[PDB]
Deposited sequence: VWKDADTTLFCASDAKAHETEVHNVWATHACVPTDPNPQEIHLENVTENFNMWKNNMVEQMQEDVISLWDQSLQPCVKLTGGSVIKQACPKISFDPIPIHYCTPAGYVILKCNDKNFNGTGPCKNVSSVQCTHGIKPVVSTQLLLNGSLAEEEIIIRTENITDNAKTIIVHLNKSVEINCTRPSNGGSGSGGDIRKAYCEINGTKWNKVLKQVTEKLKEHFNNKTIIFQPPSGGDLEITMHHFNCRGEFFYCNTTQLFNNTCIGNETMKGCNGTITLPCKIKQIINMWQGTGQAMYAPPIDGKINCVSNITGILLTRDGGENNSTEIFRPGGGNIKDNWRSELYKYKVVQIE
């Protein structure tokens, strides 16, 4: 027997203590080595309630990533409400590694194993583990990258699907590659992301089919973001230490969801590498040096989408726009099937 509880978790990883890459450096002093022989125990005839939207594991991962970024990223200038801080800004080595979250003595992590678990409610196939799977702390907007996939069908997660102020997380059951490139020696800031259009459109069509299930059978329409900082109106992410902003207008394209010529084939998103950014920690503006020379390339798996639904009474259609900005939702997309309980 056990009871729901919060406690201080610790992280474990396979970080290399000799690496200079910044995630490895953080995890080397902040986490312990991974457990060589992890044990999972399935609990028979146990039914338990999970709630991904109120799960303190998320706040704890958030604290860790914030502190990882605070000590790893080296902007030439930070501007915070009035104070200007100038410093050296050498280029860094940057590539996320998986982090595991682990309970101390007296506590265990319960894990939901129902294939189509949506994040809240009863789980019938429960097991207990000492540590989560390895989660890459990938910071991105609009598209969730390098995450885990849903086991069976595409899943829609929300605290309240009818609350337009609540983010919606779409969990894909098949990854779509996005291949981003700032080519070697035009403008050095200009880059592009390539996506298999044939594959992306099929997946988006399946997402609409699933979204329809939650709103009667209304027409489902995608539109570009209505406004906001570039970090959220564009697909934003860091590759090799550079800050990429990619225009996703072509990705959320409704005609391609019949056979109009040119839906299939490669989709090329225009991107920019920005030196001046708003910090996702939320501490103001930062400025970095121009990009490193040569080919800058990031091939990632799209494993989820963040959506916001338009408000206002509408009986005909529902409109969804790519969203994000609250980086905690990124962690929720991976921690949704875990909860900490205290052993009695």
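Gaps without C-alpha coordinates occur at 186-191, 264-265, with positions taken along the deposited sequence from 1.
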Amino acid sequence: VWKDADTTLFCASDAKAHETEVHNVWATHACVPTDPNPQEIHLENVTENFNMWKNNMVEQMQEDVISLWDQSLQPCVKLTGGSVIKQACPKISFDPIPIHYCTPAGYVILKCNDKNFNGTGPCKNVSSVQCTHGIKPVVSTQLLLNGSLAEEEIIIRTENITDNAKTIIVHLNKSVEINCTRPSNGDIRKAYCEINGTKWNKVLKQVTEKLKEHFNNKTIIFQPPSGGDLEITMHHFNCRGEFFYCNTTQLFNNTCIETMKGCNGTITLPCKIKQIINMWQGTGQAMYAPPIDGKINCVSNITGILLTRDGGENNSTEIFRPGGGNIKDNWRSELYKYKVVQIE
From here on, numbers count along this sequence of modelled residues.
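Stretch comparison (204-212 versus 168-176) by mean CA B-factor in the PDB entry places 204-212 on top.
Two stretches are in play, 316-324 and 13-21, and the higher mean C-alpha B-factor belongs to 316-324. The top Cα temperature factor in the record, among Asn160, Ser93, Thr248, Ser184, falls on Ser184. The residue among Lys199, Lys136, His235, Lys111 whose C-alpha atom has the highest B-factor in the PDB entry is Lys199. In the deposited entry, the Cα temperature factor of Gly119 places it in the middle third of its chain's modelled residues. Compared with the other modelled residues of the chain, the Cα B-factor recorded for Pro75 ranks in the middle third. Compared with the other modelled residues of the chain, the Cα B-factor recorded for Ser140 ranks in the lowest third.
Per-chain ranking of the deposited C-alpha B factor places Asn45 in the highest third.
The deposited CA B-factor of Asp293 belongs to the highest third of values across its chain.
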